[PDB]
Amino acid sequence: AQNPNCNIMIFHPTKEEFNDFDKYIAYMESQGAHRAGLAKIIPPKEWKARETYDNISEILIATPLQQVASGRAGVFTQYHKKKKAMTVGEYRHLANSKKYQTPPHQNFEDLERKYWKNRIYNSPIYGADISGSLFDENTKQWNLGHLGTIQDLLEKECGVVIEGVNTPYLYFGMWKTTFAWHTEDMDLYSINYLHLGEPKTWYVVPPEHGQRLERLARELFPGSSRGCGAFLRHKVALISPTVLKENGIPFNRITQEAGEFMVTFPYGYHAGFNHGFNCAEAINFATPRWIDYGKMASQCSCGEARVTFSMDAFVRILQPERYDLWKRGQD
Ligand SMILES: O=C(O)CNC(=O)C(=O)O
Ligand SMILES: [Mg+2]
Ligand code: NI
Ligand SMILES: [Zn+2]
């Protein structure tokens with residue numbers, strides 16, 4: 001069995017290997033990369049996502065989100081307070097202001113210590129989940145807006161024909177902006193490209209041990225657990241590496257830098273934070289190996305998780321017994 005310790009693997013494809021996306025995902029799996037829940041892919045030196053970023057300040061963040069925390073430093077939840085619209089130029093200036101800028105630090109490890117110590121005492125503002133793409137249309141390799149769609153995958157593997165679309169999303173981050181512990185909708189894969197700016201630190205639990213994390217989360221957030229049998233679908237709970245280690249939960253960590261891709265694998269729980277002003281692009285995708293995970297994915301029916309249009313068909317086809325209850329939570 002490849003990668004039995006479930007380490008995060010890092011890949012350096014050649015320009016030739018970068019042509020066929022699906023093939024390279026299958027390659028990484030042949031080497032055991034999925035067992036970690038997360039892999040890093042460093043593009044060949046000849047590749048570029050786009051010519052320059054010199055023109056991105058005009059993008060609009062229609063609903064910036066202020067991430068307010070409650071709890072203790074290692075075990076907290078965050079809620080998103082909506083703020084007035086602002087341009088990327090406005091947001092970058094805010095990120096770099098004395099109130100929000102990254103503090104002096106020695107190295108990534110020092111900065112990680114400062115994040116876990118102090119996160120809860122601040123409320124950073126995140127421009128998340130913005131439909132759009134920063135890949136040049138002429139970039140043919142690993143262009144996240146030109147992937148094969150999840151609908152097409154389900155049609156090819158299962159023969160059924162469904163509505164729905166699959167487009168990328170932009171994320172504008174600043175110091176301490178935080179992504180809570182989650183798997184993807186329908187336990188899909190994700191791919192994330194860091195276009196520019198400061199790094200993103202990731203934490204991940206191997207898919208084979210996801211239920212260990214869920215059991216700890218039920219213990220640590222007991223009112224939330226009573227409210228919903230899949231409350232991590234709400235994407236609000238944070239648990240630190242120190243707390244994970246105290247409770248024996250297997251995990252790994254890695255820091256993504258600008259120019260790098262990360263792939264999350266089906267049912268790979270992940271969480272993390274941004275080091276300073278940055279911009280990422282991400283999208284969900286499927287492969288044939290995902291279908292079994294889609295069929296078994298948990299679902300929130302309490303009403304909190306509210307998701308895209310396109311998840312309807314996935315539930316309806318893969319989880320018909322759950323469909324009626326889940327759709328009530330949508331409506
Ligand atoms: O970058 C972020 O804030 C969060 N991204 C993801 O959870 C992902 O790409 O799957
Ligand atoms: Mg612009
Ligand atoms: Ni994710
Ligand atoms: Zn719920």
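What you see below is based on every heavy atom in this structure, not just the backbone, and it leaves out hydrogens, waters and symmetry mates. Numbering starts at 1 and runs along the sequence shown.
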Pairs flagged by side-chain hydrogen bond (donor to acceptor under 3.5 Å, both in side chains) wherever residues 96-112 is involved - sequence neighbours left out: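 Every side-chain hydrogen bond (donor to acceptor under 3.5 Å, both in side chains) pair that includes a residue of residues 96-112, provided the two are not neighbours, is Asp110-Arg113, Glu112-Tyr203, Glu112-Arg253.
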
Should [X] and [Y] be regarded as members of a common hydrophobic cluster, given that ILVMFWY residues are connected when their side-chain heavy atoms come within less than 4.5 Å of each other, either directly or indirectly?
{"X": "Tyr171", "Y": "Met262", "answer": "no"}
{"X": "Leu170", "Y": "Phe273", "answer": "yes"}
{"X": "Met186", "Y": "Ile191", "answer": "yes"}
{"X": "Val160", "Y": "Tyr293", "answer": "yes"}
{"X": "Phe261", "Y": "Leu147", "answer": "yes"}

Do you know the tightest heavy-atom contact between [X] and [Y]?
{"X": "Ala69", "Y": "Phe76", "result": "CB-CD1, 3.9 Å"}
{"X": "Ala95", "Y": "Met174", "result": "CB-CB, 3.7 Å"}
{"X": "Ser310", "Y": "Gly164", "result": "OG-CA, 3.7 Å"}

Run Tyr269 and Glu214 through side-chain contact (heavy atoms from CB on, under 4.5 Å) and show every step you take. CA-CA 9 Å; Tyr269 273 106; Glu214 294 171 352; 2.6 Å; yes

Other residues, nucleotides and ligands only: do more than 12 of their heavy atoms fall within 6.0 Å of CD on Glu137?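 Counting other residues, nucleotides and ligands, CD of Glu137 stays at 12 neighbours or fewer.
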
Output yes when a side-chain donor or acceptor of [X] lies under 3.5 Å from a complementary backbone atom of [Y], and no otherwise.
{"X": "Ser30", "Y": "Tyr27", "result": "yes"}
{"X": "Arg119", "Y": "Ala73", "result": "no"}
{"X": "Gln67", "Y": "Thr178", "result": "yes"}
{"X": "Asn284", "Y": "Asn166", "result": "no"}

Using the ring of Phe18 (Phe, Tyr or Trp, six-membered ring only), decide whether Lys15 places NZ or CZ under 6.0 Å from its centre and within 45 degrees of its axis.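 That pair does not qualify as a cation-pi contact.
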
Ring center gap for [X] and [Y] short of 6.0 angstrom:
{"X": "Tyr189", "Y": "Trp290", "result": "no"}
{"X": "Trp202", "Y": "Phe179", "result": "yes"}
{"X": "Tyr126", "Y": "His80", "result": "no"}
{"X": "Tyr91", "Y": "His93", "result": "no"}
{"X": "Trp142", "Y": "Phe285", "result": "no"}

Identified side chain to side chain donor-acceptor pair (under 3.5 Å) partner of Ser133 from the options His195, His146, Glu281: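 Only match with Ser133 under side chain to side chain donor-acceptor pair (under 3.5 Å): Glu281.
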
When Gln256 is tested against each of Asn274, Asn278, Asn192 for side chain to side chain donor-acceptor pair (under 3.5 Å), which residue passes?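 That would be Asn192.
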
For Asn143 and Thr139: C-alpha separation, side-chain torsions, deciding distance, then whether side chain to side chain donor-acceptor pair (under 3.5 Å) applies. CA-CA 6 Å; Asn143 179 324; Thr139 298; 5.2 Å; no

Residues two or more places apart in sequence or in another chain: which of them pass side-chain contact (heavy atoms from CB on, under 4.5 Å) with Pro199?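 Result, side-chain contact (heavy atoms from CB on, under 4.5 Å) vs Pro199: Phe108, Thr255, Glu257, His275.
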
When you look at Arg316 and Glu163, which way does the salt bridge (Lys or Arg N to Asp or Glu O under 4.0 Å) test go after all the steps? CA-CA 11 Å; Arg316 198 170 65 246; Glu163 71 291 351; 2.8 Å; yes

Look at the aromatic rings of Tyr193 and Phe135 and report parallel, tilted or perpendicular, splitting at 30° and 60°.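 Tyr193 and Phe135: tilted rings.
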
